[PDB]
Amino acid sequence: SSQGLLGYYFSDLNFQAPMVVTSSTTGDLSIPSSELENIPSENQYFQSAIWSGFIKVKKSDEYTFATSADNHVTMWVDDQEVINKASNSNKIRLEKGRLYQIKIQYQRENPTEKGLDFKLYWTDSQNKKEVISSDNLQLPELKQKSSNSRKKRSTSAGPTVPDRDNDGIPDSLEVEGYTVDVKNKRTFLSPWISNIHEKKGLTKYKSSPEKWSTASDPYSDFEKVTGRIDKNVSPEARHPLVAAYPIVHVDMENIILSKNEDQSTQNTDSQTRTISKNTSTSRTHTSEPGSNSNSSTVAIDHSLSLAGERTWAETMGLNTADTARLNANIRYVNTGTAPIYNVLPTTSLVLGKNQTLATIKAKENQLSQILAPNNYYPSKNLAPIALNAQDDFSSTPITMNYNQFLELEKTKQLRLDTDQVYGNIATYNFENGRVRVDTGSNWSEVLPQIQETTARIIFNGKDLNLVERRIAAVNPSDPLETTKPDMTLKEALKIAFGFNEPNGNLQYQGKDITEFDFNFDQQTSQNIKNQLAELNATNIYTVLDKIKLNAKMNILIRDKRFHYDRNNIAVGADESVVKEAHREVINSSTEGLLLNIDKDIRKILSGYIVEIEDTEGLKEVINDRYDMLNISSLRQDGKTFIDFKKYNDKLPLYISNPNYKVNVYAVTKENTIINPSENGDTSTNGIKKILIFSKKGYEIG
Ligand SMILES: [Ca+2]
Ligand SMILES: [Ca+2]
């Protein structure tokens with residue numbers, strides 16, 4: 001179906017203006033004029049063509065080859081001419097289960113019909129003639145190396161379409177620009193033509209004629225654009241300028257802490273004394289100069305989970321000589337553009353700066369599913385992985401000594417550092433036209449080259465989570481990399497992240513590019529500054545189509561509404577933004593508030609404080625504890641309810657005088673208190689909070 005001979009159809013007589021490149025499943029190599037909608041009528045006249053591939057016979061015999069235009073054809077089988085501008089009955093012996101190279105050239109001056117009607121036949125020893133069937137034809141070996149049975153180069157006899165990197169796309173098309181259009185059953189690759197293709201919304205591709213994969217990834221420029229590729233590769237990475245590669249971090253969903261048994265305590269029948277908390281995990285990115293790493297940071301919930309206000313040690317019965325253990329539920333997350341099949345990366349679980357508590361490994365070659373881009377392992381419809389699994393005798397306890405435990409209690413943070421060891425790659429095989437995991441292909445042989453030859457953009461426009469993409473970009477000092485097309489900042493955002501420009505303004509899902517800020521590493525910053533100066537431009541947002549990306553740039557693009565920590569996690573927002581986000585109140589009562597709040601805003605709030613203010617200006621704080629601020633919840637209808645009763649002994653607010661005010665304040669993550677004060681105070685005293693609702697009793701109804 002994606003198999004057969006590869007054909008190049010030229011408008012000129014001498015094989016130099018390719019109009020269509022496409023495959024044929026059978027010996028019918030025709031292109032009817034009805035299929036040439038994307039070619040100018042005048043270029044629909046084909047004066048030459050070349051086909052290449054292999055023939056595999058099902059039975060040894062003597063065959064004679066013929067075409068529908070023998071006077072215009074020369075054909076080679078494994079370097080030997082079988083047709084030479086004349087019909088013949090010259091038989092050739094072909095052996096079953098052997099592969100023979102095929103090259104066919106056709107030339108005809110001034111055709112009177114558009115397209116091409118052309119069939120390749122053979123006749124066996126019994127004198128039966130037919131168009132060669134699909135089971136007998138295979139594509140050329142369009143790879144960087146030959147296989148044992150299939151040479152990557154066609155015979156030096158006759159014409160060679162210039163294809164320096166052997167990906168299948170002619171040099172000239174890669175440089176000048178090409179488009180791909182899907183006929184009913186075939187993909188046609190043709191030159192870009194402004195006045196035809198622009199209006200139709202077709203993508204203009206350019207790629208390096210000297211790089212088999214312009215992004216230095218494991219899929220060729222041709223494989224990508226013709227769909228001869230792992231179906232799990234992300235849509236954006238089907239562009240030859242966007243790198244296809246996995247990017248993995250670990251998400252921790254919840255944690256349970258408990259005291260380790262010890263030989264001195266023979267008693268094992270005591271009551272449960274564990275601490276269980278939800279956790280929130282974010283993939284991070286830091287200013288570390290040379291970084292190319294995977295890491296995530298875990299925030300352990302500090303909100304009320306059990307009676308009293310005990311220390312963790314008191315809760316768990318931990319004395320100073322005891323040790324504690326952690327278990328957790330996790331998933332792997334692939335935010336990259338290619339899947340993983342047989343090796344999950346190894347992860348260190350780290351306390352503080354550099355105290356490793358655990359090394360998390362999965363068994364190689366025993367994955368229960370693929371880890372696909374924009375997805376999880378295990379999938380979300382399945383249970384997560386427990387670090388110490390119930391079925392597993394050999395899971396290492398994740399232990400902390402007393403001092404480490406106290407440090408975890410104080411910081412309520414862990415870090416997960418994940419390596420970039422991703423295993424084998426599923427590649428396309430031209431012999432059988434299928435994608436399979438290839439034992440000879442490994443991500444570790446690809447990643448360094450991807451990292452060296454691309455510009456990196458990290459963007460948080462999807463739910464404020466950091467998503468990295470890499471785009472092929474020129475390196476002015478590496479000659480091979482100068483053969484790549486110019487990559488602009490505007491184009492990179494379109495092809496890598498799906499920005500569009502419906503009305504003269506670049507947008508991501510309705511939000512203008514000006515709603516996002518640009519952050520650069522030191523070298524990228526100097527580069528971009530220099531470019532702006534050379535453009536006489538004072539504002540980057542008006543010249544995104546003129547800013548050129550270079551290999552090894554690092555660009556970070558973040559939603560401007562938010563405040564960010566050093567990990568580039570969103571942790572707050574300006575008071576004006578938070579106030580406006582809460583302005584639309586659906587209902588209010590002594591039981592709480594019902595509001596429509598934007599999902600991104602909700603992400604940066606740790607909770608709310610409710611207070612009644614009397615006429616003299618004194619305030620009664622209702623939920624007056626740092627661990628009692630979790631009073632918001634998202635309803636199924638998408639609305640947020642702020643629950644006044646939850647920490648008011650299950651009672652609606654009592655407003656003794658209608659002139660009293662009910663005030664509700666939002667507390668952002670960056671302002672959240674996560675421990676009692678040094679003096680032991682557990683109240684909300686001093687917490688930096690943002691007034692988001694204030695109404696008198698008679699206004700609440
Ligand atoms: Ca090529
Ligand atoms: Ca190429």
# chains A, B, ... in the order shown; residues from 1 in each chain; ligands from 1
$ residues_near_ligand --ligand "ligand 2" --cutoff "10 Å" --atoms "only C-alpha atoms and all ligand atoms" --output "list in words"
residues 163, 164, 165, 166, 167, 168, 169, 170, 171, 173, 174, 175, 206, 207, 208, 209, 210, 211, 212, 213, 214, 215, 216, 220, 221, 222, 240, 483 and 484 of chain A
$ write_last_selection --atoms "N, CA, C and O atoms" --output "CSV table (one decimal), in the first residue's frame"
chain,number,residue,atom,x,y,z
A,163,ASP,N,20.1,13.0,-5.6
A,163,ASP,CA,19.5,12.8,-4.3
A,163,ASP,C,20.7,12.5,-3.4
A,163,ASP,O,20.9,11.3,-3.0
A,164,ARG,N,21.5,13.5,-3.1
A,164,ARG,CA,22.7,13.4,-2.3
A,164,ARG,C,22.6,12.6,-1.0
A,164,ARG,O,23.6,11.9,-0.6
A,165,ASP,N,21.5,12.7,-0.3
A,165,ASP,CA,21.4,12.1,1.0
A,165,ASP,C,20.6,10.8,1.0
A,165,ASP,O,20.3,10.2,2.0
A,166,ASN,N,20.2,10.4,-0.2
A,166,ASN,CA,19.4,9.1,-0.4
A,166,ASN,C,18.1,9.0,0.4
A,166,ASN,O,17.7,7.9,0.8
A,167,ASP,N,17.5,10.1,0.7
A,167,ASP,CA,16.2,10.0,1.3
A,167,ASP,C,15.0,9.8,0.4
A,167,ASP,O,13.9,9.4,0.8
A,168,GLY,N,15.3,10.0,-0.9
A,168,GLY,CA,14.2,9.9,-1.9
A,168,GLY,C,13.7,11.2,-2.5
A,168,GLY,O,13.2,11.2,-3.6
A,169,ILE,N,13.9,12.3,-1.8
A,169,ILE,CA,13.5,13.6,-2.3
A,169,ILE,C,14.6,14.3,-3.1
A,169,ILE,O,15.7,14.4,-2.6
A,170,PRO,N,14.4,14.6,-4.4
A,170,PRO,CA,15.4,15.2,-5.2
A,170,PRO,C,16.0,16.4,-4.5
A,170,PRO,O,15.3,17.2,-3.9
A,171,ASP,N,17.3,16.6,-4.7
A,171,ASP,CA,18.1,17.8,-4.1
A,171,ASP,C,17.3,19.1,-4.4
A,171,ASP,O,17.1,19.8,-3.5
A,173,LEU,N,14.2,19.8,-5.1
A,173,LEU,CA,12.9,20.0,-4.4
A,173,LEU,C,13.1,20.4,-2.9
A,173,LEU,O,12.5,21.3,-2.4
A,174,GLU,N,14.1,19.7,-2.3
A,174,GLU,CA,14.4,20.0,-0.9
A,174,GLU,C,14.8,21.4,-0.7
A,174,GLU,O,14.5,22.1,0.3
A,175,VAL,N,15.6,22.0,-1.6
A,175,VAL,CA,16.1,23.3,-1.5
A,175,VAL,C,15.1,24.4,-1.8
A,175,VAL,O,14.9,25.4,-1.1
A,206,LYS,N,10.7,22.7,3.3
A,206,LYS,CA,12.1,22.7,2.7
A,206,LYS,C,12.9,21.9,3.7
A,206,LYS,O,12.5,21.7,4.8
A,207,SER,N,13.9,21.3,3.2
A,207,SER,CA,14.8,20.4,4.0
A,207,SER,C,16.2,20.4,3.4
A,207,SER,O,16.4,21.0,2.3
A,208,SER,N,17.1,19.9,4.1
A,208,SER,CA,18.5,19.8,3.6
A,208,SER,C,18.7,18.6,2.6
A,208,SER,O,18.3,17.5,2.9
A,209,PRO,N,19.2,18.9,1.4
A,209,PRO,CA,19.4,17.9,0.4
A,209,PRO,C,20.7,17.0,0.8
A,209,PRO,O,21.0,16.0,0.1
A,210,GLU,N,21.3,17.4,1.9
A,210,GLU,CA,22.5,16.6,2.3
A,210,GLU,C,22.4,15.9,3.7
A,210,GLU,O,23.3,15.3,4.2
A,211,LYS,N,21.2,16.1,4.3
A,211,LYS,CA,20.8,15.4,5.5
A,211,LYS,C,19.6,14.5,5.2
A,211,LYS,O,18.5,15.0,4.9
A,212,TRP,N,19.8,13.2,5.4
A,212,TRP,CA,18.8,12.2,5.3
A,212,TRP,C,17.6,12.5,6.2
A,212,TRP,O,16.4,12.5,5.8
A,213,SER,N,17.9,12.9,7.5
A,213,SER,CA,16.9,13.5,8.4
A,213,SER,C,17.4,14.9,8.7
A,213,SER,O,18.5,15.0,9.4
A,214,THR,N,16.7,15.9,8.3
A,214,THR,CA,17.2,17.3,8.5
A,214,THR,C,17.3,17.7,9.9
A,214,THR,O,18.1,18.5,10.3
A,215,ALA,N,16.4,17.1,10.8
A,215,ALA,CA,16.4,17.3,12.2
A,215,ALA,C,17.4,16.4,12.9
A,215,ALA,O,17.5,16.4,14.2
A,216,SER,N,18.2,15.6,12.2
A,216,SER,CA,19.1,14.7,12.8
A,216,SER,C,18.4,13.6,13.7
A,216,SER,O,19.0,13.1,14.6
A,220,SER,N,13.5,9.7,8.1
A,220,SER,CA,14.0,10.5,7.0
A,220,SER,C,13.0,11.6,6.6
A,220,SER,O,11.8,11.6,6.9
A,221,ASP,N,13.5,12.6,5.9
A,221,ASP,CA,12.7,13.7,5.4
A,221,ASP,C,11.5,13.2,4.6
A,221,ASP,O,10.4,13.6,4.7
A,222,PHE,N,11.8,12.2,3.7
A,222,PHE,CA,10.8,11.5,2.9
A,222,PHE,C,9.8,10.6,3.7
A,222,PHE,O,8.6,10.7,3.5
A,240,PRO,N,9.9,17.9,8.3
A,240,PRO,CA,11.3,17.6,8.3
A,240,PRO,C,12.1,18.5,9.1
A,240,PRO,O,13.3,18.2,9.5
A,483,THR,N,23.5,23.9,5.0
A,483,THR,CA,22.7,23.4,3.9
A,483,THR,C,21.2,23.3,4.2
A,483,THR,O,20.4,22.9,3.4
A,484,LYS,N,20.9,23.6,5.5
A,484,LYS,CA,19.5,23.6,5.9
A,484,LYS,C,18.8,24.9,5.6
A,484,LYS,O,19.4,25.9,5.5
$ select_by_dssp --residues "range 202-370 of chain A" --states "strand (DSSP E or B)" --output "ChimeraX atom specification"
/A:205,242,248-259,275-283,294-300,323-334,340,347-351,355-360
$ closest_residue --among "A:440, A:686, A:697, A:504" --to "residue 654 in chain A" --atoms "only C-alpha atoms"
A:697
$ closest_residue --among "A:125, A:144, A:107, A:671" --to "ligand 1" --atoms "only C-alpha atoms and all ligand atoms"
A:144
$ residues_around --residues "range 223-231 of chain A" --least-positions-apart "5" --cutoff "7 Å" --atoms "only C-alpha atoms" --output "PDB file with C-alpha atoms, in the first residue's frame"
ATOM      1  CA  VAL A 180       2.761  16.753  -0.323  1.00  0.00           C
ATOM      2  CA  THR A 187       0.959  10.591  -1.754  1.00  0.00           C
ATOM      3  CA  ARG A 238       6.055  14.864  10.529  1.00  0.00           C
ATOM      4  CA  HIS A 239       7.687  18.127   9.359  1.00  0.00           C
ATOM      5  CA  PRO A 240      11.315  17.579   8.279  1.00  0.00           C
ATOM      6  CA  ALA A 426      10.603   1.791  15.554  1.00  0.00           C
ATOM      7  CA  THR A 427      11.735   2.568  11.985  1.00  0.00           C
ATOM      8  CA  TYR A 428      10.238   2.058   8.536  1.00  0.00           C
ATOM      9  CA  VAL A 435       7.299  -0.041  10.874  1.00  0.00           C
TER      10      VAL A 435
END
$ closest_residue --among "A:118, A:76, A:497, A:516" --to "residue 156 in chain A" --atoms "only C-alpha atoms"
A:76
$ residues_around --residues "residue 642 in chain A" --least-positions-apart "3" --cutoff "7 Å" --atoms "only C-alpha atoms" --output "ChimeraX atom specification"
/A:592-594,631-633
$ select_by_dssp --residues "range 237-434 of chain A" --states "helix (DSSP H, G or I)" --output "list in words"
residues 237, 238, 312, 313, 314, 315, 316, 402, 403, 404, 405, 406, 407, 408, 409, 410 and 411 of chain A
$ write_last_selection --atoms "C-alpha atoms" --output "short mmCIF file (atom, residue, chain, number, x, y, z; two decimals), in the first residue's frame"
data_model
loop_
_atom_site.label_atom_id
_atom_site.label_comp_id
_atom_site.auth_asym_id
_atom_site.auth_seq_id
_atom_site.Cartn_x
_atom_site.Cartn_y
_atom_site.Cartn_z
CA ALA A 237 7.25 16.02 13.96
CA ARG A 238 6.06 14.86 10.53
CA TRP A 312 5.10 14.17 61.47
CA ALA A 313 7.32 12.38 64.01
CA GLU A 314 4.64 12.52 66.70
CA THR A 315 2.06 11.29 64.20
CA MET A 316 4.20 8.34 63.13
CA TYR A 402 15.33 10.94 61.21
CA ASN A 403 17.06 14.16 60.10
CA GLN A 404 16.09 13.55 56.46
CA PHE A 405 12.51 12.97 57.52
CA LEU A 406 12.47 16.31 59.38
CA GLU A 407 13.88 17.94 56.25
CA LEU A 408 11.09 16.47 54.13
CA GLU A 409 8.53 17.69 56.66
CA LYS A 410 9.96 21.24 56.42
CA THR A 411 10.45 21.46 52.65
#
$ residues_around --residues "residue 293 in chain A" --least-positions-apart "2" --cutoff "12 Å" --atoms "only C-alpha atoms" --output "PDB file with N, CA and C atoms, in the first residue's frame"
ATOM      1  N   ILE A 247      10.639  12.714  25.237  1.00  0.00           N
ATOM      2  CA  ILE A 247      11.041  13.582  26.346  1.00  0.00           C
ATOM      3  C   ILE A 247      10.248  13.090  27.536  1.00  0.00           C
ATOM      4  N   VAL A 248      10.941  12.535  28.521  1.00  0.00           N
ATOM      5  CA  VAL A 248      10.242  11.876  29.623  1.00  0.00           C
ATOM      6  C   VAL A 248      10.519  12.514  30.984  1.00  0.00           C
ATOM      7  N   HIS A 249       9.477  12.641  31.791  1.00  0.00           N
ATOM      8  CA  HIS A 249       9.630  12.930  33.216  1.00  0.00           C
ATOM      9  C   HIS A 249       8.663  12.067  33.999  1.00  0.00           C
ATOM     10  N   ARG A 283       7.122  19.185  35.440  1.00  0.00           N
ATOM     11  CA  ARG A 283       8.398  19.175  34.725  1.00  0.00           C
ATOM     12  C   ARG A 283       9.009  20.569  34.859  1.00  0.00           C
ATOM     13  N   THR A 284      10.311  20.646  35.094  1.00  0.00           N
ATOM     14  CA  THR A 284      10.950  21.932  35.329  1.00  0.00           C
ATOM     15  C   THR A 284      11.952  22.313  34.220  1.00  0.00           C
ATOM     16  N   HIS A 285      12.397  23.560  34.260  1.00  0.00           N
ATOM     17  CA  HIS A 285      13.478  24.028  33.403  1.00  0.00           C
ATOM     18  C   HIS A 285      14.197  25.124  34.160  1.00  0.00           C
ATOM     19  N   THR A 286      15.514  25.025  34.242  1.00  0.00           N
ATOM     20  CA  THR A 286      16.267  26.017  34.994  1.00  0.00           C
ATOM     21  C   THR A 286      17.276  26.734  34.126  1.00  0.00           C
ATOM     22  N   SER A 287      17.891  27.759  34.712  1.00  0.00           N
ATOM     23  CA  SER A 287      18.869  28.611  34.034  1.00  0.00           C
ATOM     24  C   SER A 287      20.230  27.948  33.845  1.00  0.00           C
ATOM     25  N   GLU A 288      20.385  26.725  34.339  1.00  0.00           N
ATOM     26  CA  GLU A 288      21.671  26.050  34.219  1.00  0.00           C
ATOM     27  C   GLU A 288      22.139  26.113  32.772  1.00  0.00           C
ATOM     28  N   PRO A 289      23.305  26.733  32.542  1.00  0.00           N
ATOM     29  CA  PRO A 289      23.759  27.051  31.184  1.00  0.00           C
ATOM     30  C   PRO A 289      23.643  25.906  30.176  1.00  0.00           C
ATOM     31  N   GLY A 290      24.431  24.849  30.333  1.00  0.00           N
ATOM     32  CA  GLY A 290      24.485  23.818  29.312  1.00  0.00           C
ATOM     33  C   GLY A 290      23.421  22.733  29.383  1.00  0.00           C
ATOM     34  N   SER A 291      22.357  22.959  30.152  1.00  0.00           N
ATOM     35  CA  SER A 291      21.458  21.851  30.495  1.00  0.00           C
ATOM     36  C   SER A 291      20.721  21.211  29.312  1.00  0.00           C
ATOM     37  N   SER A 295      13.850  16.675  34.415  1.00  0.00           N
ATOM     38  CA  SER A 295      13.640  16.731  35.851  1.00  0.00           C
ATOM     39  C   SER A 295      12.238  17.210  36.144  1.00  0.00           C
ATOM     40  N   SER A 296      11.698  16.747  37.264  1.00  0.00           N
ATOM     41  CA  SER A 296      10.424  17.269  37.741  1.00  0.00           C
ATOM     42  C   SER A 296      10.519  17.523  39.238  1.00  0.00           C
ATOM     43  N   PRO A 345      13.380   5.334  31.046  1.00  0.00           N
ATOM     44  CA  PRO A 345      14.587   5.918  31.624  1.00  0.00           C
ATOM     45  C   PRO A 345      14.624   5.736  33.134  1.00  0.00           C
ATOM     46  N   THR A 347      15.351   6.904  36.986  1.00  0.00           N
ATOM     47  CA  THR A 347      15.037   8.149  37.689  1.00  0.00           C
ATOM     48  C   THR A 347      15.585   8.124  39.097  1.00  0.00           C
ATOM     49  N   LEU A 416      12.640  14.654  41.007  1.00  0.00           N
ATOM     50  CA  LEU A 416      12.797  13.442  40.231  1.00  0.00           C
ATOM     51  C   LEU A 416      13.654  13.748  39.016  1.00  0.00           C
ATOM     52  N   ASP A 417      14.882  13.232  39.004  1.00  0.00           N
ATOM     53  CA  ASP A 417      15.805  13.446  37.871  1.00  0.00           C
ATOM     54  C   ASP A 417      15.827  12.180  37.017  1.00  0.00           C
ATOM     55  N   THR A 418      15.476  12.317  35.749  1.00  0.00           N
ATOM     56  CA  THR A 418      15.293  11.180  34.859  1.00  0.00           C
ATOM     57  C   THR A 418      16.326  11.228  33.755  1.00  0.00           C
ATOM     58  N   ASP A 419      16.990  10.103  33.482  1.00  0.00           N
ATOM     59  CA  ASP A 419      18.004  10.121  32.432  1.00  0.00           C
ATOM     60  C   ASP A 419      17.382  10.138  31.033  1.00  0.00           C
ATOM     61  N   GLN A 420      18.213  10.173  29.994  1.00  0.00           N
ATOM     62  CA  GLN A 420      17.716  10.221  28.625  1.00  0.00           C
ATOM     63  C   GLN A 420      18.007   8.918  27.909  1.00  0.00           C
ATOM     64  N   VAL A 421      17.807   7.799  28.590  1.00  0.00           N
ATOM     65  CA  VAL A 421      18.099   6.476  28.035  1.00  0.00           C
ATOM     66  C   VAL A 421      16.761   5.850  27.672  1.00  0.00           C
ATOM     67  N   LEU A 447      20.080  11.271  19.988  1.00  0.00           N
ATOM     68  CA  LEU A 447      19.873  12.451  20.825  1.00  0.00           C
ATOM     69  C   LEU A 447      21.013  13.463  20.779  1.00  0.00           C
ATOM     70  N   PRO A 448      22.263  13.007  20.849  1.00  0.00           N
ATOM     71  CA  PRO A 448      23.305  14.045  20.842  1.00  0.00           C
ATOM     72  C   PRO A 448      23.279  14.911  19.586  1.00  0.00           C
ATOM     73  N   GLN A 451      20.415  17.372  19.675  1.00  0.00           N
ATOM     74  CA  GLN A 451      20.704  18.476  20.589  1.00  0.00           C
ATOM     75  C   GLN A 451      21.712  19.464  20.022  1.00  0.00           C
ATOM     76  N   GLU A 468       8.855  21.108  25.634  1.00  0.00           N
ATOM     77  CA  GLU A 468      10.035  21.381  24.816  1.00  0.00           C
ATOM     78  C   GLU A 468       9.873  20.879  23.385  1.00  0.00           C
TER      79      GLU A 468
END
$ residues_around --residues "residue 501 in chain A" --least-positions-apart "4" --cutoff "10 Å" --atoms "only C-alpha atoms" --output "list in words"
residues 490, 494, 505, 506, 507, 508, 510, 512 and 513 of chain A
$ atom_distance --atom1 "CA of residue 116 in chain A" --atom2 "CA of residue 130 in chain A"
19.0 Å
$ atom_distance --atom1 "CA of residue 4 in chain A" --atom2 "CA of residue 161 in chain A"
18.1 Å
$ closest_residue --among "A:614, A:42, A:79, A:61" --to "residue 115 in chain A" --atoms "only C-alpha atoms"
A:42
